[PDB]
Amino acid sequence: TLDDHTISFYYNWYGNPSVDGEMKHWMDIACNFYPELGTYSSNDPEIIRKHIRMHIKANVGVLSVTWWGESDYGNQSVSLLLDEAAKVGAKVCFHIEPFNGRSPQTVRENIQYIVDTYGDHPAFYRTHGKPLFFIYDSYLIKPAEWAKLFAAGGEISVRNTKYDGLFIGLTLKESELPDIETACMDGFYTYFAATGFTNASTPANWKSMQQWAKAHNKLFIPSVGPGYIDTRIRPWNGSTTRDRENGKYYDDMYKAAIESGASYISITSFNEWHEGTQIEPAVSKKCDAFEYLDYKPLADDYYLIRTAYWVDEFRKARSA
């Protein structure tokens, strides 16, 4: 019971002295919550076995792994990830991030690497026969220049080739949806876990957005989160803070996603700890210079268990 239309955003940039030879991303760490798995490595099969089992518990069938271009080719954590996922039926797609000199041409090279290296893997994600890529801060590149990658006529088109797929742009506001169409992107997402951080990430606008997507034959994939806090790494950013409200925040935002009519839902995040959007189990932790936020009075794995509640509601409503 892993839903193949529910996708988590997954980060694999964690490391530690034990596995990797030094702390990575974690640095008394760089987040407001402390993980059950501790300051873990993304290159630890026993972490990755667990992360996959946690996706089992959440009923989530697709992981979207942060991807930084060339520097990430032949990355250890991705192999381990795919292999673990393949054991249980979970799937991996890629979240193409604003890496150095990202261009429609270097986005193409990255697509080719991913299909050639992972394309054949049993856990590599296809939906209606096509791989699926999430493009963060895609708006950094002009729509007209994307069309050279994503239009049928484009000069470096991937359409009609073995690198064709479903390509999903980040939208900031509703009024900019036509940029999606110019770009010849197969759809759009919203990413941000914080309600009203952007106009596209305000849940009231979602019904209108899904309507637009269907009239334009596009996929809307709203992003749902359980809360948001990044004040340990951004003391100034208190304005983007959203309280978990004992689950209520997660429930209002996921229901909004399902009522929208979207056929795909994305979750920000499984494990963006820096931003406090993770559904990954967190424990209570005190320590000298800072008391962490936790899920209390809720269980450590509440957010995984409540995601299964919502996946089900999502699957039921899709089935009608």
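In this text, residue numbers run from 1 along the sequence as written.
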| query | finding |
| --- | --- |
| Chain break class for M27 to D28, judged by how many deposited residues have no coordinates | 10 or more |
| Segment of higher mean CA temperature factor, 126 to 134 or 90 to 98 | 126 to 134 |
| Residue of maximum C-alpha B factor among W67, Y295, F290, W273, per deposited coordinates | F290 |
| Residue with maximal Cα B-factor (values as given in the PDB entry) among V224, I114, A215, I221 | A215 |
| For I168, the third of its chain into which the C-alpha B factor falls | lowest |
| CA B-factor placement of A183, once the chain's modelled residues are sorted into thirds | highest |
| Chain third (lowest, middle, highest) by recorded CA B-factor, residue given as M209 | highest |
| Position of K285 among the chain's modelled residues by C-alpha B-factor, lowest, middle or highest third | highest |
| Ranked C-alpha temperature factor of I56 among modelled chain residues, by third | middle |
